[PDB]
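> Shown below is the structure under consideration.
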Amino acid sequence: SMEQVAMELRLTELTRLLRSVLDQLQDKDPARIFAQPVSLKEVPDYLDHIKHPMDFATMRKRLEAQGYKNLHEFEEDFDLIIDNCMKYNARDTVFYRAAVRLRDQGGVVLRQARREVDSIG
């Protein structure tokens, strides 16, 4: 149908906007601490601690399959990155501190993304 196509154009454009959001969030992680999945070869107990692992490469795979229906779903995954790190790692670690800084800096980007998603529909 023409409506299914219109819907698919909206999703594609949402995907375009989320790709730009993802790039901007990932720049706030210059150390690449959150770039890839935590390695289960190197942290064999990880899944005993963290039930829903997340990382920027895994988000990008979902993104490019147009697997985010709305900004809320994308933000859920970003929040998993931060929240998993802040539980697994102690306060006095470079990892925890990197998560705090990503959360704080990403806030600004996500604030304007929400306005853009509502504004453009």
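Each chain in the structure tokens gets a letter, A, B and so on, in the order shown; residues start at 1 in every chain, and ligands are counted from 1 in the order they appear.
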Write out as a VMD selection string each polymer residue whose atoms come within 12 Å of region 71-73 of chain A, counting only C-alpha atoms; drop sequence neighbours fewer than 2 positions from it.
chain A and resid 11 14 to 19 21 to 22 59 62 to 63 66 to 69 75 to 80 110 to 118 121
> For the alpha helix (DSSP H) assignment from backbone DSSP, which residues of region 3-119 of chain A qualify? Please present them as a ChimeraX atom specification.
/A:3-27,46-49,56-64,71-88,94-119
> I'd like to know which of A:30, A:107, A:44, A:37 is closest to residue 56 (chain A), using only C-alpha atoms.
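Answer, going by the shortest atom-to-atom distance: A:37.
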> For residue 31 (chain A), list every protein, DNA or RNA residue within 12 Å, evaluated using only C-alpha atoms, and leave out those in the same chain fewer than 3 positions away; present the list as a ChimeraX atom specification.
/A:26-28,34-36,94-95,97-99,101-102
